[PDB]
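Reading through the C-alpha cells given below for one structure.
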Amino acid sequence: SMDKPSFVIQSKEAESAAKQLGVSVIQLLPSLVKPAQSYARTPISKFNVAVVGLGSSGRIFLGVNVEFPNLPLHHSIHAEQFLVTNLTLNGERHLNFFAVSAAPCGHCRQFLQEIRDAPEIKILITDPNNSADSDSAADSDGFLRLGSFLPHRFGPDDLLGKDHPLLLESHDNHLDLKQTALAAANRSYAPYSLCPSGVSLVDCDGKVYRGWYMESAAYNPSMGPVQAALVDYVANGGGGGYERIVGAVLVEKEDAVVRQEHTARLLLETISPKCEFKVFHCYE
Amino acid sequence: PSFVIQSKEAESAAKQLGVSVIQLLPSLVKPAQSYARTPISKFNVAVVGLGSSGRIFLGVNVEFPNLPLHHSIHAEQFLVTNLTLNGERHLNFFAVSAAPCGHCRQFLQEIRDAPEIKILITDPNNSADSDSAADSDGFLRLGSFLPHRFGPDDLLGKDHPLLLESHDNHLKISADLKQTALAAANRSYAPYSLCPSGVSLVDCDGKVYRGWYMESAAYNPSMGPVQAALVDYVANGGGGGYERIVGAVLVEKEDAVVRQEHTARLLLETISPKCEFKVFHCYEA
C-alpha cells in the first residue's frame, strides 16, 4: 500500500493508513515521497523531485516538479510551487507540514512567504545527502520550520502593511468555453501589481481545467497563470502535453503592467501546436 | 554613483578617512538607490559589493513594465553580472538596502564559497543584525541566510564555479556586433543545461556591449542573456535609454535544449520596437 499515490488523499484514507503502520499522520509524509517521484515530468534535468504535504483539514496533497523543453528555465515549475497550487485549487485553508525529496531552493522558500504563518511551516527533507533533519533546532521527527530555512525574510509586509494571504478566500469582484476562465480570475492573487489572471483548458475527452495567477513579494518567483493551469492537467487529469487546445482570458487594464498574453501563446505553441487564441478584455 | 570604483581610488578614499573599505560600503547604498528603474513596484533596492581585487561594484534592481514579472532583474543579480563583466574573481562583502529574497540567495549559490559571503542589511526595520551568528559589525554570512541550501553539488561533482574563467568552445556558420556576441557566449555559465548564450548591444554613438548567460541549479532563478546585457547598458551607459537598436545573440544549433530565441525578441520588441534577427549558430557542443 505504498505504490502510486493519489495527488490528493482524503483525511479518512490518510489517518487509516497511518494507523495500520503504527505511525503518526505527520510521520507518514516521508513514506509518500519516494513513489511520488515517478510522477516527475523532468525532460531537461532528469531530476525527480516530489513533495507531499498535509493541511489543517487532514487531507494529504502532493507536489511534483515539471519542466518544459525548448523554453527558458523560468517557465519550469518546481515541486514546492506545485504543492501550493494543488491545495489552493482544492480550497485548502492551511499548510503546516510537508516532506520534500530534496532541499527546497530559495526560489520556493521565498514563494512560500505568501502564506500566513509561513515561518511556522515545518519541513522535512528526504534526501539522505542533506542533513536538515539533524539541525540543532530540528523536530523529534526531523522537521525544521521554514523560518529557520529562510531567516530574516523579505515578506509581503515589506511592500504592504496589513493584508490577506493567498490561501484565504481571495474573491475580488470583476466582470461556453470562456465562462469558466472568468471564475478562475476571481480567485487570483496579485496584491503587488494589480493584474489578476485566470486560465482554463479543455481536453480531447472534454475535461474542464483551471489555473490562476499568484504573485510573490519577490517578482521572479511568480507562478504563471498558464503554468498553474497545467498543474490541473497532470494532476486529476489524463496526463498529456501536446493535447492542449483552448486559450483563456487575461484581465489586464489595456495591457497595463503585467502582460502574459504573448508569453501564454509562446508557451502553448511550443508544447502543443494545436492551440487557440485568447481574449484580453476584462474590467473592474 | 559610479558602478565600478577602482581599487586604487577606493583604498585611497578609505585611507584619507582613516577607516576601512568595509565600513565604507553601507554609505553608498542610499545614493545608489536612485538608479533603480522601478515603474512597477516603485521600490528602489540597491546593493554595493566588494570583491577580492579591492574594486567596488554596484548592483541595482530593474523592472520591465510590459513583461511578466520573471523577466525583472533584482539588485543582487545585477551585482553579480556587473562584476563578472569586469572579471572580478571573488565576492566577499556587500551591503544591501533591503533583505535579499530567496530567489537571489539561491542564485548566489553558483559562486564558490558562497555561504562564506558576509552580508549587511541597511534597512533598520530588518533584524538580520543581532543574529546568533551575526558579525561584530552586523554582517551575516550568506550561509546563515540560506541554510541547508540546494547548491550545484546536488547536480554536479567537482566542477568550475560561476566567477571563474568559464571558457566553452563555440563557433559560427554591423560586423563587430556578432564577433562580440561570440566571445560573450564563450564566457557563459550553463553547466546544468548545456546551452550557453551571448548577447551584444549597440548604441546611437556606436558603443559595443556584451552579456553572458549564467544558469542556476534551481531553474527559475536563471539570469536571462538579454537581461545580463541590459545591465551592461544601465552600467557603463548614459542612464538610460530603452530606444536602442538590437542587436545579437548566440543560441544552440537548431534549438537543442533551452531555446531563448523567441523569448528574446518578445522582450526586446516591447521595450524597443527597433529589433533585429537572431543567430542560432554554435558548434563544439
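All positions are counted from 1 along the displayed chain.
Technique stated in the header: X-ray crystallography, 3.0 Å.
Cβ coordinates are placed from backbone N, Cα and C, and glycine is handled just like the others.
When DSSP labels each residue, the domain 'CMP/dCMP-type deaminase 1' (A:24-157) comes out as 45 helix, 26 strand, 63 coil, counted as helix, strand and coil in that order. If you look up Swiss-Prot, you'll see A:24-157 marked as domain 'CMP/dCMP-type deaminase 1'.
In sequence order, A:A40, A:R41, A:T42, A:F47, A:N48, A:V49, A:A50, A:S76, A:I77, A:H78, A:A79, A:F82 constitute the residues six or more apart from A:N65 (substrate binding site) in its chain with CB-CB distances below 8 Å. Sequence annotations record features per position, and here Swiss-Prot assigns substrate binding site to A:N65, A:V66, A:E67 based on similarity to another entry.
Over all protein chains present, the Cβ of A:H78 (Zn(2+) binding site) has 26 other Cβ atoms lying within 10 Å. Look at Swiss-Prot and you will find A:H78, A:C105, A:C108 tagged as Zn(2+) binding site.
Residues or ranges marked as active site, proton donor in Swiss-Prot: A:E80.
Chain B lies within reach of A:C105, taking the recorded positions A:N65, A:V66, A:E80, A:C105 and requiring a CB-CB distance under 8 A. The substrate site is defined by A:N65, A:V66, A:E67, and by the 8 Å test on Cβ atoms against their centroid, the other residues of the chain that qualify are A:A40, A:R41, A:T42, A:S45, A:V64, A:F68, A:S76, A:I77, A:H78, A:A79. Cβ neighbours within 10 Å of A:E80 (active site, proton donor), excluding its own Cβ and spanning all shown chains: 23. In terms of Cα distance, the binding-site residues that sit within 10 Å of A:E80 (active site, proton donor) are A:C105, A:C108, chosen from A:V66, A:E67, A:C105, A:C108. Within the same chain, the residues at least 6 positions away from A:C105 (Zn(2+) binding site) whose Cβ sits under 8 Å from its Cβ are A:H78, A:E80, listed in sequence order. Fewest Cβ neighbours within 10 Å among the binding-site residues A:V66, A:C108: this applies to A:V66. For the pair formed by A:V66 (substrate binding site) and A:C108 (Zn(2+) binding site), distance between Cα atoms is given as 14 Å, rounded to the nearest Å.
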